[PDB]
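Form deposited in one PDB entry, single chain, as structure tokens, below.
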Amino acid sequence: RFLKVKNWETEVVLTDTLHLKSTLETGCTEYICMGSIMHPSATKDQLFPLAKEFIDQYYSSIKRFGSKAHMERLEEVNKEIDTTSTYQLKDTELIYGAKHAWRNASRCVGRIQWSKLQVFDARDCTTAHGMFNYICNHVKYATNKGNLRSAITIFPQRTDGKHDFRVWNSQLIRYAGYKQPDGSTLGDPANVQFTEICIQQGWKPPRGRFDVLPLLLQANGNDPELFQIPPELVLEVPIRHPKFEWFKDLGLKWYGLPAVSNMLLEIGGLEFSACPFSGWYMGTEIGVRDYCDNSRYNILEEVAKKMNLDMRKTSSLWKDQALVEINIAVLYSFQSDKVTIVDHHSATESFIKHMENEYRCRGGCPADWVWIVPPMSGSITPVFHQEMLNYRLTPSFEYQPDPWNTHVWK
């Protein structure tokens, strides 16, 4: 069936047909919906029709379905899944698969940009040193002195599971987290385990509040190897407030490049277990989640302190107030430093416009309301009132297990 979705602020209805192409499960059933569950729990035979499907839609996107090039490519790929138990994507197929995996990313509010993706082929990589070189170039290229650019670096695909390339850092740039004897936590509490793994691998912690973690890179299934990203490549922003001059006295900085490196890019049944990818920040990512989550940098109490706010009852909304000012400061700081950043108002607008685009040109657009709606001021952004359908289109980015839980050390 065709399926409709309504905006309840504008009463616009859209018709979704694209969902007829999904296959991967959502995690729901008729009886139970798991829309708020963050993670719902190949051979010659399995791989080919997946390969067939992806090739088919590639040659369908470039208006050559059934062409000679297409037919032979199907043969070329079949012959190769026989005699290697896998196959290699053409360069044009790599780029297309990467952009469409971003276009299919239900949880990403930035997808208006999906076709502007710089794709770095690192499938010739063989070592962690190789990986580090590739990642440094990625970082430098995508940072671009504050004028950020979207990029993905794709390393060798999985073969047998034993010989997997992995970036072990969940993201390319993060701040260390230190477990104090006195119970509390220095740095970023979300990372503390990873930070400990780096110390245990030989990293020398400065034990500051904002210590860029080293890269931990695994190439072809071997022990990961530590590498320090050259600091000149790691662009950072001091957070100040345009009215509160005491705000700089808080000591807050964040990095400019958001870059996710723990995910699995899947194209034509092939699995790229290492594919760090980056864009630019929506302010709330930093101002709300990183800084204000109780399990994170947790500064709300501190900020409300300097704002002299009455903090005895919840109903004074002191937490709310402090939150808004923290985010004003983050948006201000990046803007002041000509570092690319988007506010949640602008970003959500863009995504509603992008949805329109996809429904019109593509017949639907899988979106995850839970993730798309910003973590503050929800209903005063336009996607709150926007019904969305969620379904899994492929190529996609998938979660994969943390490497330190599957690795056989040496």
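In this text, rigid core is short for the largest set of C-alphas that superpose within 1.5 Å between two forms. Just count from 1 along the sequence shown to find any residue number. Only residues modelled in both forms are compared.
Unshown form deposited in another entry; subsequent notes refer to it.
J.: After the core is superposed, which of these residues, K90, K248, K305, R289, moves its CA 2 Å or more between this form and the one not shown?
T.: The displaced C-alpha is that of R289.
J.: Just say closer or farther for the C-alpha distance from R296 to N169 in the other entry, relative to the shown form; it changes by 3 Å or more.
T.: It is farther: the C-alpha separation of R296 and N169 rises by at least 3 Å in the other entry.
J.: So the C-alpha spacing of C275 and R289 changes by 3 Å or more in the other entry; is that change toward closer or farther than shown?
T.: Farther apart in the other entry, by 3 Å or more.
J.: Looking only at residues in both forms, which consecutive runs of at least three have C-alphas displaced 2 Å or more between this form and the one not shown after fitting the rigid core?
T.: That run whose C-alphas all shift by 2 Å or more is 287 to 298, the only one.
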